[PDB]
Structures are given as C-alpha cells and as structure tokens.
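*Asks:* please find the sequence and an experimentally derived structure below.
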Amino acid sequence: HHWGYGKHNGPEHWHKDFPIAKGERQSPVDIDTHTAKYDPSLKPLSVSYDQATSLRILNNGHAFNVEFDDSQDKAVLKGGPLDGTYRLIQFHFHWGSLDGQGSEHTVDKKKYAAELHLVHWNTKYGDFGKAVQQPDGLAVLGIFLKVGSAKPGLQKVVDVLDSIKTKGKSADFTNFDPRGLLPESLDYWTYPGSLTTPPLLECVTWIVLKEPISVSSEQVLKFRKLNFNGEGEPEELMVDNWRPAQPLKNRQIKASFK
Ligand SMILES: NS(=O)(=O)c1c2ccccc2cc2ccccc12
Ligand SMILES: [Zn+2]
C-alpha cells in the first residue's frame, strides 16, 4: 500500500508514512500575487542549458522523467535567489484530468493545466542524494502550462510517450534541448519549500516563473494517455498527479519583478 494520487493513497494520506508532510516548509503553495513583495536584491535568473545532455525518459509510476547526464557541470541554474551553482538532473510534469486543474503551485488560487519542474542539485554537495539532505540542496524551476497554441519544443517529448505507457518503462531520449520549454520572460517568484512527492524533504529553493508556456490540447491529451499501472495490470490513467497547495506558515514569497 505505497503512496500515489489514487482514491486511497493520495496526498491526504502521505503524512502517515512521511510526517514531514505537515512540516513548516512544504510545497506547493498558493502564490498570492498582491502580497508577494518585489525584492530589488534578487538577481536575474541564469539558465544555461546550451550543453544539456539528455539520456532517457522514464515512466516512474508517478510522472515521466526526462533524465540528464549530470556527471559534468553542464546545464546549470544560478543567480536569481541562489548562492552557488545547481546542475540539472531531470525534468517532469504534473497535470490534470481536465484543463482546469493540474498545476501544483497556484496563482491567486488559479490552477493551470499542468506544471513543469526542472530539478537541479547544488554542486557544493557533490551529488543529488547528498543534496536532498540539505536545506539549500535543490533548486526547482517551475513553469506553468496553459492550453492554447502548441509548444513546438515539447512535441519530441509527446511523441515518445506511447513507448513508455506504463510504470517502469523507459526509452532512450538523447539530444533533447530543454531551452525549447522556457517562456519568453524569466520573471519569477521564489520561496523555500520541499519536494512535492514523498519523501517530501525540505530541501528546495523554488523558483516559479510568472509567464506560462502554451501547449496544445492535443499535447496535454497525450500526457493523459499515460498509465500509473504497470504493463499487464488494470489501466489507471496517469492524471491528477499533483499535490494541492500547502500552508504557507512562516514564509515569504518574493518577486523578482515590479
Ligand atoms: N515535484 S518534485 O520536484 O518534488 C519531484 C517529483 C514529483 C513527481 C514525480 C516525479 C518527481 C521527480 C523528482 C525527481 C527529483 C527531485 C524532485 C522530483
Ligand atoms: Zn514535480
């Protein structure tokens, strides 16, 4: 009886195995835009993905992960609120059964159709598994998706999904350029938080872009054909794989703009 998003093992149950679920810096959160304060000390974000080397795409039973070679310092995130440098390890999405839900963060209670998470670990801790044990171990860049015009740079991802339908399937996925998933503006909100799935560790500096990307209805429809189950098990569509907003508690959300 492992955790998931289903009728009986979803977010409201996670605290029994992972009591940090009720902690002081859980994610996601609602971003109340009027109260977030512009911080003139914040720096432009520096996203340097020109050497990013993707390897593989994996259906892990929760989402699909596009994995990167993180053995050389390529594909790094720095600046913004961060001290030091963070190396890209993977990206994944969260999405809904319906276009009206799917994001983890919300903006004045608005839910987007989906949310992309680009996960990076702080190189001062040597690898990902040590970084997640530190309060400044990860930086996750979050990007909202709305349904409208297709995102041309997303299509290669969409088209490989039929080959990783079920939990535990992977496929080779080289030469994918994540720059094609970025919006025009790098204006952002930032706050200290957590992983949004078990083990829910409080190790993340969140950087959530204000500008959403547009993807087409057909692109997001193909996300929703994935399955949470493994091959040869009854079909459970991979939809609604998002954790709801959690209490902000003693945190401030800062804006890079305005
Ligand atoms: N949302 S998260 O960044 O905490 C997260 C995941 C959430 C859903 C499914 C796959 C996920 C993969 C992650 C891998 C590394 C760090 C965070 C990850
Ligand atoms: Zn995520």
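*Replies:* Structure received. Numbers count the residues shown, from 1 in each chain. Ligands and ions are numbered 1, 2, ... in the order given.
*Asks:* going along the chain, name the helices of the protein.
*Replies:* 128-131, 155-160, 217-223 (DSSP state H).
*Asks:* so which bits of the longest one are buried?
*Replies:* Buried residues in helix 217-223, counted by 16 or more other C-beta atoms under 10 Å: 219-220, 222-223. For every residue, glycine as well, the C-beta is placed using N, CA and C.
*Asks:* how about TSV for those, with distance to ligand 1 added?
*Replies:* Shown next, in TSV, are the buried residues of helix 217-223 (distance: C-beta to the nearest ligand atom, whole Å):
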residue	distance to ligand 1
219	19
220	17
222	18
223	13
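*Asks:* closest to residue 103 out of the helices of the chain?
*Replies:* Closest to residue 103 of the helices of the chain is helix 217-223 (C-beta to C-beta; 11.9 Å).
*Asks:* who touches the closest one?
*Replies:* Contact with helix 217-223 is made by 93, 95, 99, 113-114, 145, 147, 150-151, 154-155, 158, 161-162, 238, as judged by C-beta atoms under 8 Å, 6 or more residues apart in numbering.
*Asks:* kindly recompute the last result at 10 Å.
*Replies:* 63-64, 93-96, 99, 102, 113-114, 145-148, 150-151, 154-155, 157-159, 161-162, 215-216, 237-239, 241 (C-beta atoms under 10 Å, 6 or more residues apart in numbering).
*Asks:* restrict those residues to those near ligand 1?
*Replies:* Contacts with ligand 1 within the contacts of helix 217-223, counted by C-beta under 6 Å from any ligand atom: residue 63.
*Asks:* out of the contacts of helix 217-223, which end up buried?
*Replies:* The buried subset of those - by 16+ other C-beta under 10 Å - is 63-64, 93-96, 99, 102, 113-114, 145-147, 151, 154-155, 157-158, 161, 215-216, 238-239, 241.
*Asks:* what about residue 162, distance to residue 115?
*Replies:* Per C-beta to C-beta, to the nearest Å, residue 162 is found 23 Å from residue 115.
*Asks:* contact residues of the protein facing ligand 1?
*Replies:* Near ligand 1, when you scan the chain using C-beta under 6 Å from any ligand atom, you find 62-63, 65, 90, 92, 117, 119, 140, 195-197.
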